[PDB]
Structures are given as C-alpha cells and as structure tokens.
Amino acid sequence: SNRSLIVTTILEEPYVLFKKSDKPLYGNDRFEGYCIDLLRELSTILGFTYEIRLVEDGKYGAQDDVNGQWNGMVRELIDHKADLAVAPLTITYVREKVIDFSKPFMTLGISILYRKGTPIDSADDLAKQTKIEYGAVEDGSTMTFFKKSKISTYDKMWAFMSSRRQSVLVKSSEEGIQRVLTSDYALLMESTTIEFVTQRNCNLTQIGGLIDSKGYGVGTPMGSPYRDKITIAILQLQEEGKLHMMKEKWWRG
C-alpha cells in the first residue's frame, strides 16, 4: 500500500537513457527520457513510489516457439517480478493475452524513410518498381509485418526484400539510415523512429502515411489494479496536451 512499485524498463533512445549531468545523480535520477517523464507524472498523479530496473535479458518480450516460455519485460510482468513496464512496449495480440496493457500513450505505424525531393509518395510507388531499392532492419518488427502481410502491395514488397535480402535488409537502423543518405534506397521503419531521424536529418523525410497502426502501452501483470488507473491518467495527460508536449521535448531537433 505504501510499497514501492518495481518498474522494468529498457534503454531505448529517446524513451529511456542514462542522463549526462554535472551534479551527482543517484538511483532513479540517473535516467531520463520520454518514458521516464511519463513515469514521473504517473507516480505523482497516482501517488506511488517506484524503483527503476533495467531488464535482465535486454528484451521487450516474445514467446519461444518451442517451449512457450516468455522473455523480456513481458516475462517480468507474468512472473510478478515487476509491477509496471514503462517503455515503448508495443500493444500486440499475443502480448495482450498474457499481460494487461494500459491504453496507448503513443499511437504510430510503419512508414517509409527516404530522401527529400523525389516523386515517390507511397509504398505503392516503391512496390511497382525496382530501380529504387528498399528494405528494413533484419528481424525487427517492421520486417516481420511485411513477412506476414497478405495485403497486396506489402506482399509484393516482401517478395522483393526477401529475394534481395543480402542487398536490402540491414542489421541495424543506423546502417539503414546511412544507406538512405548515401544511396538510392528507402527504409521501412516505425514512424516514431522516422520522426526522430527526420528531426535530425534535414535532408530526409517520411514518405506517405502509416502502413499499419499500433500503439505503445504501459504493461502490467494480468489482473493489476494499476492498469485502469494508468489508463485514466494517460487519457487525462493526453487531453490536457501534456503528452504532446513530452513528445516534442524528446523528439524535436
């Protein structure tokens, strides 16, 4: 009741980072970022104290296809090792079956990162040609979406990416961003990342709108009383304009 909540999280720019500071920093104050700002607001609104812990396996949370066991922050919640996961944890069907998410504090989707000043305006324009290469970070959520879409355009896109995978799937986002900057290439990625990048790379832009729709939510264990309280607090923060301010604080270049 006066117990501190254990908050699992993971390093991910600009959601959660170690703060650079002149002053000495102790404990939770060693961290900063959008999710840390959100956590601070939630703790004030709902009146809890907390302890931030970085997740032991450096994973968000997936289910093993052979033994059915979870990992990452999702596993910490399932096992009641954490009270909250405050991180850009995507709200998905498979996860929502095993933990309880708040309503989303951010809604987003897959989109396209490309250089400015071209006539390409959609995923369709990319799908119906071969001169401009395009791809994604190998094994990421975005690539996974394409590997599964039965939507026409996206199925064609995956045909291309899969065949030319040694050429167009990259091992990291920075590798991908450099390819967009130095060659005739477009990168499929989450729109939150694209915005972060385009605020810092004035010669790049998002192409088109969103290709899918999904949200990031605060994770709680199934049955947690904090889930609905956090949802109401998030909705109020949104309506008051405060999450929008928080987003601009951490994303603007």
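Just count from 1 along the sequence shown to find any residue number.
Visitor: Can you let me know which of the two, 208-216 or 190-198, has the higher average C-alpha B-factor in the entry?
Guide: Result: 208-216.
Visitor: Higher average CA B factor in the deposited record is what I'm after, so tell me if that's 61-69 or 29-37.
Guide: Between 29-37 and 61-69, it is 61-69 that shows the higher mean C-alpha B-factor.
Visitor: Between 102, 166, 107, 92, which one tops the list for C-alpha B-factor in the PDB entry?
Guide: That would be 166, according to the entry.
Visitor: From 113, 78, 87, 157, pick the one with the largest CA B-factor in the entry?
Guide: Of the candidates given, the C-alpha B-factor peaks at 157.
Visitor: Among the modelled residues of this chain, does the Cα B factor of residue 22 put it in the lowest, middle or highest third?
Guide: Highest third.
Visitor: Within this chain, which third does the Cα B-factor at residue 174 fall in: lowest, middle or highest?
Guide: According to the entry, residue 174 has a C-alpha B-factor in the chain's middle third.
Visitor: Would you check the entry's CA temperature factor for residue 74 and let me know if it's in the chain's lowest, middle or highest third?
Guide: Answer is lowest: the recorded C-alpha B-factor places it there.
Visitor: By the record's CA B-factor, is residue 120 among the lowest, middle or highest third of residues in the chain?
Guide: Within its chain, residue 120 is a highest-third residue by C-alpha B-factor, going by the deposited values.
Visitor: Which third, lowest, middle or highest, does the C-alpha temperature factor of residue 82 belong to within its own chain?
Guide: Lowest third of the chain for residue 82's C-alpha B-factor.
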